[PDB]
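Written out below as structure tokens is the structure these notes cover.
So that the names make sense, note that chain A is the first sequence line, chain B the second, and so on, each numbered from 1. Both backbone and side-chain heavy atoms feed into the values below; hydrogens, waters and symmetry mates do not.
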Amino acid sequence: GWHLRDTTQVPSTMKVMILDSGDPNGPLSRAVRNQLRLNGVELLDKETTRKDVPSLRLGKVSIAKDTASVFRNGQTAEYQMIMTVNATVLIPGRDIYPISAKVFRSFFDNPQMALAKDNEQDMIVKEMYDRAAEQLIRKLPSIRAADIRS
Amino acid sequence: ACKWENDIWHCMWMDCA
Amino acid sequence: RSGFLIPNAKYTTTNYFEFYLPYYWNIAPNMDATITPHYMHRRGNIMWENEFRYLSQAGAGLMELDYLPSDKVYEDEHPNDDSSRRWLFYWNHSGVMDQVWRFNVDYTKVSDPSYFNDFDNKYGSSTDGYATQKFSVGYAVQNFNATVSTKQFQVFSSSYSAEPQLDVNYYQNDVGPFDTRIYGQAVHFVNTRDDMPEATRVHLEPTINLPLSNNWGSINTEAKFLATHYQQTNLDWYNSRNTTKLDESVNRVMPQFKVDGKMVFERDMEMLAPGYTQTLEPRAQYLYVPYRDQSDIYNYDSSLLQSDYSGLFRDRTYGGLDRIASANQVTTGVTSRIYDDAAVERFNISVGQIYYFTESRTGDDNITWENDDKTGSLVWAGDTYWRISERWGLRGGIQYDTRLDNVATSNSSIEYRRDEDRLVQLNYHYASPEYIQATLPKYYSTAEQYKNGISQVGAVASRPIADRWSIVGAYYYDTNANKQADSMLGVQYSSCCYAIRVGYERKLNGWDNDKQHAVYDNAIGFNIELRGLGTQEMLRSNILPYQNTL
Ligand SMILES: CCCCCCCCCCCCO[C@@H]1O[C@H](CO)[C@@H](O[C@H]2O[C@H](CO)[C@@H](O)[C@H](O)[C@H]2O)[C@H](O)[C@H]1O
Ligand SMILES: CCCCCCCCCCCCO[C@@H]1O[C@H](CO)[C@@H](O[C@H]2O[C@H](CO)[C@@H](O)[C@H](O)[C@H]2O)[C@H](O)[C@H]1O
Ligand SMILES: CCCCCCCCCCCCO[C@@H]1O[C@H](CO)[C@@H](O[C@H]2O[C@H](CO)[C@@H](O)[C@H](O)[C@H]2O)[C@H](O)[C@H]1O
Ligand SMILES: *CC(=O)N1CCN(C(=O)C*)CCN(C(=O)C*)CC1
């Protein structure tokens, strides 16, 4: 009983929305804005006079880099990076609903090419934000059903 | 080093020996 | 306001009895200092630790300066050394000023490579193989960013540094139906050794892409251009010892063409769970990059990247810009998701592979594979996440490579978590010996402590008792050697006005080259704080800290 997705990834009530964050020029804001523009969402400034526009407020993100495994000498073998992002979708009449994204990545350590590993780490972080943005978009319908349930 | 031939478009997309 | 905190004691096998007498100094708002005498009995001296926390318009920062004037153990192990003093300087600053300026500092510098194996691991770890020293100043606006940074590394076990590196990004989204961007970089690579090559690299990368989308499908076409210029000096020593000669001036020009496509199908899970939705998402990507012989360029900052499921669709095989592998490949994957009646995603599983029409080459192909496979389906990846309930969750991933003729890597985890205090977690990590031999230096493949790979099983648990006691335990074990890697216990009693925690840890702390076995460190310490039950703090105290997996 498979069929093509007849609805949109972003709900029709969120096709025009306000993107707000404390770091509008940061990487997470850029990734979220690109993701929202991908599904044809019209982004507005927070000072606009148009009412009944839901607002997506991006919270502070946390990136942790821990040791997942070690070698026989106790040296780090694999590093695990965890990115946690919090956000709130405020529908003005109804309510504010929190959402979050957690992204896990891994990479092996190499002191002999440590600088190269640093570059790799940067690339991994540049991927992780994108994944987080996708997760945020995938939490958009669940908010909408929560708006319909109440 | 080397210098590109006349057909820059085709030569840009070719592989190296 | 400012005075003496409660002194705290410890017993380790590295320094025997250890005593801490902290003093807190509130210099002003946004300015705290902490002066800690730390008496170590085995080393027979006092290390002075100075912490400084500040908040300013440029951001938040923390400096640490630990100084031990002399060390008896270090003197005995290094009797020919001039001085036995040890020290550590750490500085972490992060800030965004006026929404445009970004200041970052992550600087660690120790006196000797054996510092973190002998002293407390507050801003460093004994698992670390090097110390990072990074400065970065950036200007970022909505369509532009320019960052200048310096990266240096102190290796504990020759290293290259970018002194300095400049990155520029420009974006323009509405050029007709196309999105356009340009990336530029200028880096100077310097080595600690005086006989290794030095480089200056300038890179330009203009990219254009046409995106198209429906409610069910999406397709993105991308054309990118890479132009790099290398000026290399100090090539005499390298060229006198290698048959392949480095070039003083190098120009690498190459285009890249990529096509990505995704589809989404939906169906109703009528038989299993009415109201539940199942989505099937096939994704394909064709990538072409012509082959350029890069053997005349030294590899400064390019390392092979891990290929998980998300990494299958990556357009780069190496990080950095010194090595750019030729590509003629198609990546195909499928992701299945299961959402409940409330549109909440409960399950996802992804499986994908990469098919190579031609061999991926960089001109310098020294990585040791287990077989001569060059084309076909060589890389497979899989991932899975299942939120079984509100308290149960399981994650897993696997990476298989036919060139290794083995599973490259794998990881799994199952966690129950009722709240912040009640949790259990089981995790497994695996990396094959073939992967270690392929992606790591040769002495890793020849050394006892490296060659066997990773086969690690970890168990973590935390339980409250009587709403005032918290017990935390962790055990990480190596199945290849059948030996313990890490073990931790911790019990805390929390009251209205104070809390007392006692912790014990046994960890791998080094390797003995003489008898060819691992060294273990045991540490038992008490701590009293003036007043949660502290479960999360105790869970993050060992060398393999706990991370929540839902
Ligand atoms: C919307 C963004 C803008 C997109 C603009 C279009 C940019 C792409 C232009 C067409 C080139 C890409 O297409 C790519 O062409 C090269 C040409 O070398 C083909 O490559 C093939 O070409 C010839 C065949 O005789 C050989 O020299 C080469 O070794 C072989 O690989 C690739 O199989 C194809 O994938
Ligand atoms: C497609 C979506 C789902 C993919 C994700 C699945 C979860 C990830 C796999 C975890 C399973 C446990 O991890 C698994 O451990 C065994 C050994 O312990 C490894 O097996 C490997 O080492 C053993 C050593 O005993 C060898 O006999 C075996 O030939 C070799 O493949 C697997 O390669 C690894 O995957
Ligand atoms: C997830 C919950 C479970 C984890 C929580 C429990 C944590 C405790 C894990 C069990 C391991 C700790 O127990 C560990 O046993 C080893 C056995 O080699 C002993 O280790 C060492 O102790 C002394 C001193 O060197 C020697 O007498 C002994 O031979 C040596 O092995 C210690 O007793 C302790 O280091
Ligand atoms: C001279 C040179 O470095 N290039 C141009 C030569 N050509 C060509 O088709 C005109 C193909 C090979 N090439 C290599 O890098 C080996 C591309 C650069």
Kindly confirm or rule out a cation-pi arrangement of A/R144 over A/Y97, judged by NZ or CZ under 6.0 Å from the six-membered ring centre and within 45° of its axis? no
Pick one of side chain, backbone, both or neither for A/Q121, based on which atoms fall under 4.5 Å of a heavy atom in chain C. neither
Centroid-to-centroid, C/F189 to C/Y300, below 6.0 Å? yes
Portion of A/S106 that has a non-hydrogen atom of chain C nearer than 4.5 angstrom: both
Using non-hydrogen atoms only, which part of A/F108 is less than 4.5 Å away from chain C: side chain, backbone, both, or neither? both
Taking atom CG of A/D52 as the centre, does the number of heavy atoms from other residues, nucleotides or ligands within less than 6.0 Å exceed 12? no
Taking C/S302, C/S159, C/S213, C/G320 one by one, which has the highest count of heavy-atom pairs under 4.5 Å against chain A? C/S302
Does any N or O in the side chain of C/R395 come within less than 3.5 Å of the main-chain N or O of A/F104, such that one atom is a donor and the other an acceptor? no
Sort A/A68 into side chain, backbone, both or neither according to what part of it lies under 4.5 angstrom from a heavy atom of chain C. both
If I measure from the heavy atoms of chain A, does C/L550 come under 4.5 Å with its side chain, its backbone, both, or neither? both
Using every non-hydrogen atom in the two residues, find where A/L140 and A/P11 come nearest and quote the distance to one decimal. CB-CD, 3.8 Å
Look at C/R316, C/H517, C/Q449, C/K507 and state which one has the largest set of heavy-atom pairs under 4.5 Å with chain A. C/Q449
Do the side chain of A/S100 and the main chain of A/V85 share a donor and acceptor less than 3.5 angstrom apart? no
Residue part contacting chain A, namely of C/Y160, when any heavy atom lies under 4.5 Å: both
For A/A116, is it the side chain, the backbone, both or neither that has a heavy atom under 4.5 Å from a heavy atom of chain C? both
Contacting moiety of C/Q456, where chain A heavy atoms sit under 4.5 Å: side chain
Sub-4.5 Å side-chain heavy-atom contact between A/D23 and C/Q99: no
Please look at A/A146 and chain C and tell me whether the side chain, the backbone, both or neither of the residue comes under 4.5 angstrom of a heavy atom of that chain. neither
Can you confirm whether more than 12 heavy atoms, excluding those of A/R57, are under 6.0 Å from its CZ atom? no
Would you please classify the geometry between the C/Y309 ring and the C/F313 ring as parallel, tilted or perpendicular, with 30° and 60° separating the classes? perpendicular
Taking every non-hydrogen pair under 4.5 Å, which of C/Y318, C/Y476, C/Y435, C/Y339 racks up the most with chain A? C/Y435
Quick one: which of C/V100, C/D128, C/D340 has the most heavy-atom pairs under 4.5 Å with chain A, could you say? C/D128
Is C/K483 close to chain A through its backbone or its side chain, or both, or neither, when contacts mean heavy atoms under 4.5 Å? both
Does A/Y129 reach the side chain of A/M83, with side-chain heavy atoms less than 4.5 Å apart? yes
C/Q152 versus chain A, the contacting section by heavy-atom distance below 4.5 Å: neither
So what's closer than 4.5 Å to chain A heavy atoms on C/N480: side chain, backbone, both or neither? neither
Portion of A/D122 that has a non-hydrogen atom of chain C nearer than 4.5 angstrom: side chain
Which atoms of A/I124 approach chain C - backbone, side chain, both or neither, heavy atom under 4.5 Å: neither
Could you check whether any side-chain N or O of A/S29 sits under 3.5 Å from a backbone N or O of A/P24, counting only pairs where one atom can act as donor and the other as acceptor? yes
Specify which of C/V344, C/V141, C/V155 makes the most heavy-atom pairs with chain A at under 4.5 Å. C/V141
Closest heavy-atom contact between A/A101 and A/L136? CB-CD2, 4.4 Å
Part of A/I82 within contact of chain C (heavy atom distance under 4.5 Å): side chain
Given that the side chain runs from C-beta out, which part of C/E281 has a heavy atom under 4.5 Å from chain A: side chain, backbone, both or neither? neither
Against chain A, label C/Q142 side chain, backbone, both or neither, depending on which of its atoms sit under 4.5 Å from a heavy atom there. both
Under a 4.5 Å heavy-atom cut-off, does chain C meet the side chain of A/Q9, its backbone, both or neither? neither
Using non-hydrogen atoms and a 4.5 Å limit, figure out which bit of C/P441 sits close to chain A: side chain, backbone, both or neither. side chain
